[PDB]
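This is run-v6.pdb. It holds PDB, C-alpha atoms.
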```
ATOM      1  CA  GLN S   1       7.136-143.884 -87.782  1.00  0.00           C
ATOM      2  CA  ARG S   2       8.126-140.661 -86.015  1.00  0.00           C
ATOM      3  CA  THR S   3       5.632-138.500 -87.931  1.00  0.00           C
ATOM      4  CA  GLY S   4       2.416-139.232 -86.043  1.00  0.00           C
ATOM      5  CA  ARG S   5       4.274-140.340 -82.911  1.00  0.00           C
ATOM      6  CA  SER S   6       5.876-136.897 -82.604  1.00  0.00           C
ATOM      7  CA  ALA S   7       2.693-135.204 -83.849  1.00  0.00           C
ATOM      8  CA  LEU S   8       0.854-136.471 -80.762  1.00  0.00           C
ATOM      9  CA  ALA S   9       3.476-134.726 -78.606  1.00  0.00           C
ATOM     10  CA  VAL S  10       2.099-131.315 -79.613  1.00  0.00           C
ATOM     11  CA  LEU S  11      -1.407-132.090 -78.362  1.00  0.00           C
ATOM     12  CA  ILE S  12       0.015-133.742 -75.240  1.00  0.00           C
ATOM     13  CA  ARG S  13       2.175-130.719 -74.394  1.00  0.00           C
ATOM     14  CA  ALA S  14      -0.718-128.326 -74.978  1.00  0.00           C
ATOM     15  CA  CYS S  15      -3.541-130.103 -73.160  1.00  0.00           C
ATOM     16  CA  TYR S  16      -1.704-131.804 -70.286  1.00  0.00           C
ATOM     17  CA  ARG S  17      -0.228-128.428 -69.262  1.00  0.00           C
ATOM     18  CA  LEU S  18      -3.408-126.440 -69.769  1.00  0.00           C
ATOM     19  CA  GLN S  19      -4.608-129.022 -67.229  1.00  0.00           C
ATOM     20  CA  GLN S  20      -2.508-127.590 -64.399  1.00  0.00           C
ATOM     21  CA  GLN S  21      -2.855-124.029 -65.668  1.00  0.00           C
ATOM     22  CA  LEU S  22      -6.314-124.164 -64.082  1.00  0.00           C
ATOM     23  CA  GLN S  23      -4.801-125.733 -60.952  1.00  0.00           C
ATOM     24  CA  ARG S  24      -2.349-122.859 -60.459  1.00  0.00           C
ATOM     25  CA  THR S  25      -5.073-120.305 -61.173  1.00  0.00           C
ATOM     26  CA  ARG S  26      -7.195-122.004 -58.494  1.00  0.00           C
ATOM     27  CA  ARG S  27      -4.282-121.979 -56.043  1.00  0.00           C
ATOM     28  CA  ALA S  28      -3.623-118.283 -56.632  1.00  0.00           C
ATOM     29  CA  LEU S  29      -7.056-116.646 -57.089  1.00  0.00           C
ATOM     30  CA  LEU S  30      -8.517-118.289 -53.972  1.00  0.00           C
ATOM     31  CA  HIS S  31      -5.798-116.526 -51.954  1.00  0.00           C
ATOM     32  CA  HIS S  32      -7.272-113.151 -52.972  1.00  0.00           C
ATOM     33  CA  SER S  33     -10.793-113.073 -51.500  1.00  0.00           C
ATOM     34  CA  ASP S  34      -9.455-114.117 -48.091  1.00  0.00           C
ATOM     35  CA  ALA S  35      -7.547-110.828 -47.921  1.00  0.00           C
ATOM     36  CA  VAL S  36     -10.719-108.925 -48.862  1.00  0.00           C
ATOM     37  CA  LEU S  37     -12.666-110.691 -46.111  1.00  0.00           C
ATOM     38  CA  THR S  38      -9.881-109.934 -43.628  1.00  0.00           C
ATOM     39  CA  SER S  39      -9.890-106.265 -44.660  1.00  0.00           C
ATOM     40  CA  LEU S  40     -13.659-105.891 -44.310  1.00  0.00           C
ATOM     41  CA  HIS S  41     -13.555-107.669 -40.944  1.00  0.00           C
ATOM     42  CA  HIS S  42     -10.892-105.223 -39.762  1.00  0.00           C
ATOM     43  CA  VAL S  43     -13.147-102.411 -40.990  1.00  0.00           C
ATOM     44  CA  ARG S  44     -15.904-103.904 -38.826  1.00  0.00           C
ATOM     45  CA  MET S  45     -13.376-103.900 -35.973  1.00  0.00           C
ATOM     46  CA  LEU S  46     -12.739-100.177 -36.437  1.00  0.00           C
ATOM     47  CA  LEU S  47     -16.465 -99.689 -35.825  1.00  0.00           C
TER      48      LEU S  47
ATOM     49  CA  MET U   1     -23.662 -56.148  -2.060  1.00  0.00           C
ATOM     50  CA  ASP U   2     -20.845 -53.638  -1.643  1.00  0.00           C
ATOM     51  CA  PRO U   3     -17.499 -55.188  -0.663  1.00  0.00           C
ATOM     52  CA  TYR U   4     -16.593 -54.161   2.856  1.00  0.00           C
ATOM     53  CA  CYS U   5     -14.079 -51.383   3.483  1.00  0.00           C
ATOM     54  CA  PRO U   6     -13.011 -49.705   6.753  1.00  0.00           C
ATOM     55  CA  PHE U   7     -12.105 -46.454   4.968  1.00  0.00           C
ATOM     56  CA  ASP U   8     -14.873 -44.653   3.104  1.00  0.00           C
ATOM     57  CA  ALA U   9     -12.892 -42.125   1.029  1.00  0.00           C
ATOM     58  CA  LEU U  10     -10.352 -39.333   1.487  1.00  0.00           C
ATOM     59  CA  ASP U  11      -8.952 -36.340  -0.405  1.00  0.00           C
ATOM     60  CA  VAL U  12      -5.753 -37.079  -2.352  1.00  0.00           C
ATOM     61  CA  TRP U  13      -3.974 -34.673  -4.717  1.00  0.00           C
ATOM     62  CA  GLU U  14      -1.345 -36.564  -6.716  1.00  0.00           C
ATOM     63  CA  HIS U  15       1.687 -35.183  -8.541  1.00  0.00           C
ATOM     64  CA  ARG U  16       3.516 -36.390 -11.633  1.00  0.00           C
ATOM     65  CA  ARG U  17       7.244 -36.683 -10.920  1.00  0.00           C
ATOM     66  CA  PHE U  18       7.243 -37.663  -7.223  1.00  0.00           C
ATOM     67  CA  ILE U  19       4.815 -40.583  -7.087  1.00  0.00           C
ATOM     68  CA  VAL U  20       6.707 -42.538  -4.414  1.00  0.00           C
ATOM     69  CA  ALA U  21       5.849 -46.198  -3.785  1.00  0.00           C
ATOM     70  CA  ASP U  22       4.305 -46.362  -7.238  1.00  0.00           C
ATOM     71  CA  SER U  23       1.008 -48.185  -6.779  1.00  0.00           C
ATOM     72  CA  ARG U  24      -1.292 -49.775  -9.365  1.00  0.00           C
ATOM     73  CA  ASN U  25      -4.670 -48.075  -9.500  1.00  0.00           C
ATOM     74  CA  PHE U  26      -7.616 -50.262 -10.447  1.00  0.00           C
ATOM     75  CA  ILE U  27      -8.545 -48.860 -13.839  1.00  0.00           C
ATOM     76  CA  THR U  28     -12.188 -48.652 -14.860  1.00  0.00           C
ATOM     77  CA  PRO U  29     -13.661 -48.448 -18.367  1.00  0.00           C
ATOM     78  CA  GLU U  30     -15.912 -45.624 -19.572  1.00  0.00           C
ATOM     79  CA  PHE U  31     -18.742 -47.507 -21.172  1.00  0.00           C
ATOM     80  CA  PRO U  32     -21.781 -47.891 -18.903  1.00  0.00           C
ATOM     81  CA  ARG U  33     -22.385 -51.172 -17.109  1.00  0.00           C
ATOM     82  CA  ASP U  34     -25.758 -51.286 -18.885  1.00  0.00           C
ATOM     83  CA  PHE U  35     -23.913 -52.148 -22.129  1.00  0.00           C
ATOM     84  CA  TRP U  36     -21.884 -54.889 -20.416  1.00  0.00           C
ATOM     85  CA  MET U  37     -24.299 -57.792 -20.773  1.00  0.00           C
ATOM     86  CA  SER U  38     -24.448 -60.541 -18.163  1.00  0.00           C
ATOM     87  CA  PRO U  39     -22.775 -63.848 -19.093  1.00  0.00           C
ATOM     88  CA  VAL U  40     -24.791 -66.800 -20.362  1.00  0.00           C
ATOM     89  CA  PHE U  41     -23.397 -70.265 -21.084  1.00  0.00           C
ATOM     90  CA  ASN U  42     -25.080 -71.153 -24.371  1.00  0.00           C
ATOM     91  CA  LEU U  43     -26.051 -74.776 -23.816  1.00  0.00           C
ATOM     92  CA  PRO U  44     -25.455 -77.022 -26.850  1.00  0.00           C
ATOM     93  CA  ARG U  45     -28.494 -78.250 -28.745  1.00  0.00           C
ATOM     94  CA  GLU U  46     -27.593 -81.891 -28.064  1.00  0.00           C
ATOM     95  CA  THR U  47     -26.137 -83.653 -25.035  1.00  0.00           C
ATOM     96  CA  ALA U  48     -23.268 -86.145 -24.973  1.00  0.00           C
ATOM     97  CA  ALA U  49     -25.767 -88.912 -24.160  1.00  0.00           C
ATOM     98  CA  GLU U  50     -27.765 -88.105 -27.301  1.00  0.00           C
ATOM     99  CA  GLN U  51     -24.465 -87.994 -29.187  1.00  0.00           C
ATOM    100  CA  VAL U  52     -23.667 -91.508 -27.925  1.00  0.00           C
ATOM    101  CA  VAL U  53     -27.112 -92.751 -28.955  1.00  0.00           C
ATOM    102  CA  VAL U  54     -26.931 -91.239 -32.456  1.00  0.00           C
ATOM    103  CA  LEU U  55     -23.350 -92.376 -33.078  1.00  0.00           C
ATOM    104  CA  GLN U  56     -24.211 -95.880 -31.854  1.00  0.00           C
ATOM    105  CA  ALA U  57     -27.199 -95.985 -34.211  1.00  0.00           C
ATOM    106  CA  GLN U  58     -24.906 -94.956 -37.068  1.00  0.00           C
ATOM    107  CA  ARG U  59     -22.421 -97.654 -36.019  1.00  0.00           C
ATOM    108  CA  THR U  60     -25.230-100.218 -36.093  1.00  0.00           C
ATOM    109  CA  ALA U  61     -26.171 -99.106 -39.616  1.00  0.00           C
ATOM    110  CA  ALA U  62     -22.536 -99.256 -40.762  1.00  0.00           C
ATOM    111  CA  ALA U  63     -22.097-102.691 -39.179  1.00  0.00           C
ATOM    112  CA  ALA U  64     -25.233-103.950 -40.935  1.00  0.00           C
ATOM    113  CA  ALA U  65     -23.810-102.691 -44.230  1.00  0.00           C
ATOM    114  CA  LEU U  66     -20.457-104.335 -43.436  1.00  0.00           C
ATOM    115  CA  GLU U  67     -22.240-107.605 -42.653  1.00  0.00           C
ATOM    116  CA  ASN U  68     -24.028-107.382 -46.012  1.00  0.00           C
ATOM    117  CA  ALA U  69     -20.654-106.841 -47.682  1.00  0.00           C
ATOM    118  CA  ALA U  70     -19.332-109.844 -45.754  1.00  0.00           C
ATOM    119  CA  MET U  71     -22.092-112.203 -46.870  1.00  0.00           C
ATOM    120  CA  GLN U  72     -21.876-111.046 -50.491  1.00  0.00           C
ATOM    121  CA  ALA U  73     -18.059-111.235 -50.543  1.00  0.00           C
ATOM    122  CA  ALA U  74     -17.684-114.510 -48.608  1.00  0.00           C
ATOM    123  CA  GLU U  75     -19.157-116.542 -51.490  1.00  0.00           C
ATOM    124  CA  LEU U  76     -16.483-115.514 -54.011  1.00  0.00           C
ATOM    125  CA  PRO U  77     -14.275-118.557 -53.176  1.00  0.00           C
ATOM    126  CA  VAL U  78     -17.414-120.669 -53.559  1.00  0.00           C
ATOM    127  CA  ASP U  79     -17.887-119.152 -57.022  1.00  0.00           C
ATOM    128  CA  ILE U  80     -14.231-119.912 -57.806  1.00  0.00           C
ATOM    129  CA  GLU U  81     -14.564-123.568 -56.796  1.00  0.00           C
ATOM    130  CA  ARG U  82     -17.954-123.880 -58.511  1.00  0.00           C
ATOM    131  CA  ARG U  83     -16.765-122.454 -61.836  1.00  0.00           C
ATOM    132  CA  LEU U  84     -13.300-123.925 -62.344  1.00  0.00           C
ATOM    133  CA  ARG U  85     -13.772-127.518 -61.157  1.00  0.00           C
ATOM    134  CA  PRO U  86     -16.152-128.530 -64.002  1.00  0.00           C
ATOM    135  CA  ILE U  87     -13.765-126.866 -66.461  1.00  0.00           C
ATOM    136  CA  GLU U  88     -10.773-128.609 -64.872  1.00  0.00           C
ATOM    137  CA  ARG U  89     -12.601-131.931 -65.212  1.00  0.00           C
ATOM    138  CA  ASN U  90     -13.407-131.112 -68.847  1.00  0.00           C
ATOM    139  CA  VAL U  91      -9.728-130.398 -69.522  1.00  0.00           C
ATOM    140  CA  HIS U  92      -8.873-133.702 -67.825  1.00  0.00           C
ATOM    141  CA  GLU U  93     -11.361-135.400 -70.169  1.00  0.00           C
ATOM    142  CA  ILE U  94      -8.928-134.760 -73.031  1.00  0.00           C
TER     143      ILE U  94
END
```

Could I get this file's structure written as structure tokens?
Amino acid sequence: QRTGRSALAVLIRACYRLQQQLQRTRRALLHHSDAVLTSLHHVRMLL
Amino acid sequence: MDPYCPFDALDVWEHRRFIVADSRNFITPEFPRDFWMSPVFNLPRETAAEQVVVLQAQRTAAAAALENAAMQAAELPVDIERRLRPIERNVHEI
């Protein structure tokens, strides 16, 4: 019984965690362009 | 034009050792006053007002460029949220 039942665990562990890989990448990479915008706005301040 | 002076001139015959009350003669150079050109304040080509105008024009150009950078770089989060959300949904489809 535990052949296919455990075989499904591999695909579950891969896909269900690749799911939130994209979530963490979204949470992190969005916090990068805000700094660029802040820097360019400070540059506009200095002129 | 001559500075005023009560005494015109007199005859003085100085010595070397016994100069008592040692004064300070007003020394004069030997080159003619014709070689000593009159002073002229060379006015700068531009005035501070023109400097303000030119620098302000350059600031306007730089600010226009910075605004262009702002509008091109403000859409990057929009690109992030436009590209990953369909892929995140596709991964959820599994």

Which residues of chain S have any atom within 9 Å of an atom in stretch 73-93 of chain U when counting only C-alpha atoms, and what is the closest pair of atoms for each, with the distance in Å to one decimal? Order the rows by chain and rising number and write it as a tab-separated table.
```
residue	atom	partner	partner_atom	distance
S:15	CA	U:91	CA	7.2
S:16	CA	U:92	CA	7.8
S:18	CA	U:91	CA	7.5
S:19	CA	U:91	CA	5.8
S:20	CA	U:88	CA	8.3
S:22	CA	U:88	CA	6.3
S:23	CA	U:88	CA	7.7
S:26	CA	U:80	CA	7.4
S:29	CA	U:80	CA	7.9
S:30	CA	U:77	CA	5.8
S:31	CA	U:77	CA	8.8
S:32	CA	U:77	CA	8.8
S:33	CA	U:76	CA	6.7
S:34	CA	U:74	CA	8.3
S:36	CA	U:73	CA	7.9
S:37	CA	U:74	CA	6.8
```

Same residues, C-alpha atoms, output as an mmCIF file, keeping the file's coordinate frame:
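Saved result, selection04.cif, follows:
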```
data_model
loop_
_atom_site.group_PDB
_atom_site.id
_atom_site.type_symbol
_atom_site.label_atom_id
_atom_site.label_comp_id
_atom_site.auth_asym_id
_atom_site.auth_seq_id
_atom_site.Cartn_x
_atom_site.Cartn_y
_atom_site.Cartn_z
ATOM 1 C CA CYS S 15 -3.541 -130.103 -73.160
ATOM 2 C CA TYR S 16 -1.704 -131.804 -70.286
ATOM 3 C CA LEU S 18 -3.408 -126.440 -69.769
ATOM 4 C CA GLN S 19 -4.608 -129.022 -67.229
ATOM 5 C CA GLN S 20 -2.508 -127.590 -64.399
ATOM 6 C CA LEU S 22 -6.314 -124.164 -64.082
ATOM 7 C CA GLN S 23 -4.801 -125.733 -60.952
ATOM 8 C CA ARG S 26 -7.195 -122.004 -58.494
ATOM 9 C CA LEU S 29 -7.056 -116.646 -57.089
ATOM 10 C CA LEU S 30 -8.517 -118.289 -53.972
ATOM 11 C CA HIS S 31 -5.798 -116.526 -51.954
ATOM 12 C CA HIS S 32 -7.272 -113.151 -52.972
ATOM 13 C CA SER S 33 -10.793 -113.073 -51.500
ATOM 14 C CA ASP S 34 -9.455 -114.117 -48.091
ATOM 15 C CA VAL S 36 -10.719 -108.925 -48.862
ATOM 16 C CA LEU S 37 -12.666 -110.691 -46.111
#
```

**Prompt:** Got a sec: who's within 10 Å of stretch 45-47 of chain S, counting all atoms listed in the file, leaving out chain neighbours fewer than 6 positions off, as number ranges by chain?
**Reply:** S: 39; U: 56, 58-60, 62-63, 66

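Of the listed residues (S:44, S:7, S:13, S:2), S:44 comes nearest to chain U; the distances count all atoms listed in the file.
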
Between atom CA of residue U:25 and atom CA of residue U:12 lies a distance of 13.2 Å

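Using all atoms listed in the file, the smallest distance between any of U:72, U:23, U:42, U:28 and residue S:40 comes from U:72.
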
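If you look at atom CA of residue U:71 and atom CA of residue S:25, they are 23.7 Å away from each other.
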